[PDB]
Each structure stands twice: as structure tokens, then as C-alpha cells.
Amino acid sequence: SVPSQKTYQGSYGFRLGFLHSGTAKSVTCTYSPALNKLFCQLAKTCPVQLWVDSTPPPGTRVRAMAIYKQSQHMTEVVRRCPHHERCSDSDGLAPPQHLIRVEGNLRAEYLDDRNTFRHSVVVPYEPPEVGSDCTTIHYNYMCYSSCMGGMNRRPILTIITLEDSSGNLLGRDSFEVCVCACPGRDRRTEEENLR
Ligand SMILES: [Zn+2]
């Protein structure tokens with residue numbers, strides 16, 4: 001099958017947020033609202049904010065999953081390429097085949113769906129702390145969009161779902177991702193081609 005990618009704020013008014021990092025040649029992660037696309041370097045921190053109008057129940061979780069954006073590739077499981085799945089750079093929790101990892105959260109769980117074979121990483125939803133208005137999850141993408149035998153230049157979408165303790169849908173948002181050597185220049189080039 002194919003995971004839904006329909007934006008759904010749900011009962012708790014769930015939606016994502018991104019920092020404003022700019023497009024300098026040196027930037028490691030930058031988000032383009034015009035393209036709803038995140039550009040980031042390989043295995044660098046990608047801060048993703050979680051915004052809600054009201055706090056969801058204890059036990060609520062947040063899942064991240066990648067799918068190919070192009071319909072002709074949608075049924076293919078997004079995974080790391082033959083080279084990166086074998087480079088032994090595991091952090092001791094993420095399976096080596098998984099494209100998306102969560103940084104600094106010992107409660108992250110990695111799932112290999114026994115039915116769809118798709119990969120995902122899920123963490124408990126934590127309400128914002130004192131002085132903060134949102135919660136931030138730090139993601140890492142472990143393969144370049146251009147990796148041969150892997151994404152092979154095919155664009156991907158990351159789908160973030162807010163789920164209850166049973167895995168039922170409470171909210172959903174998504175964004176395109178391009179893991180590349182120079183996020184600042186590529187974002188500028190793509191926004192130009194759009195203009
Ligand atoms: Zn790779």
C-alpha cells in the first residue's frame with residue numbers, strides 16, 4: 001500500500017514548524033516554505049517543531065516515515081542505499097537500513113512494519129517545557145537523495161503523524177526532503193526555478 005499524506009490538524013490542532021536558517025552556502029539544514037521542502041546535509045541535525053493548540057493525552061506518540069513523492073515510486077520502501085546500510089554508523093538503536101533517525105532520545109523506537117515492510121521511527125510526544133511554546137524533535141537523514149541503489153535522485157516526502165497509544169491517527173503533516181551537499185544553494189536554485 002501507500003501511507004496517506006493528507007494534512008490533518010485533528011482535534012489537537014497539530015502542525016509542524018521549522019526554524020528560519022537562511023540560505024548561506026554553509027547552512028546545514030534549511031526549510032523552504034514556498035516549496036514545503038527541507039534541504040539538509042547528510043546526517044546533520046534537522047530541528048522539526050511540533051505545534052498543538054491543546055495538549056494531547058499521555059501516551060500520545062509522534063511517528064516519522066519517508067515515502068517517494070512520485071506516484072510511480074510510491075509503493076517502493078524508502079531505505080538507505082547498499083553503501084550506507086553497510087557503513088556501520090549505527091547509534092546503537094537505529095537499524096542500519098533506516099533513512100530517518102531521531103537524535104538524543106533514548107525512548108525512540110524503530111519499526112519495520114511486518115506487513116508493509118516500511119520503516120519508521122516513533123517517540124513519545126512531550127509537551128513543551130517551561131518558557132517554550134512548542135516541542136522540537138531532532139531528525140537525521142542518513143542517505144543522500146542522489147545515492148545510487150537507494151533514493152537515486154528521486155524526491156521523498158517525510159510524513160509526521162501524531163498517534164494515540166494504539167497507533168490511531170490524531171494528526172498528520174508532511175514536507176518534501178532533499179538530502180544534499182549544499183542545502184543553501186539548492187534551496188536558492190529551486191526557489192528561483194519556481195519564481
Ligand atoms: Zn546512501
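Whatever order the structure lists them in is the order used to number ligands and atoms, beginning at 1. Residue numbers run from 1 in the order of the sequence given.
Taking the ring centroids of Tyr31 and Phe175, they lie at or beyond the 6.0 Å cut-off.
One finds an angle of 110° at the Zn ion (ligand 1) between SG on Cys81 and SG on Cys143, to the nearest 10 degrees.
No continuous path of hydrophobic side-chain contacts links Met151 to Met65 [ILVMFWY only; heavy atoms under 4.5 Å]. Follow the hydrophobic side-chain contacts under 4.5 Å out from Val62 and you reach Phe18 in the same cluster.
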Verify salt bridge (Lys or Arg N to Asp or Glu O under 4.0 Å) between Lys37 and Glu176, making sure each step is shown before the conclusion. CA-CA 4 Å; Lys37 187 168 182 175; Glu176 182 171 345; 3.2 Å; yes

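Taking 2.8 Å as the threshold, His83 does not count as a candidate ligand of the Zn ion (ligand 1), since none of its N, O or S atoms lies below it.
For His84, the N, O or S atom closest to the Zn ion (ligand 1) goes by the atom name ND1.
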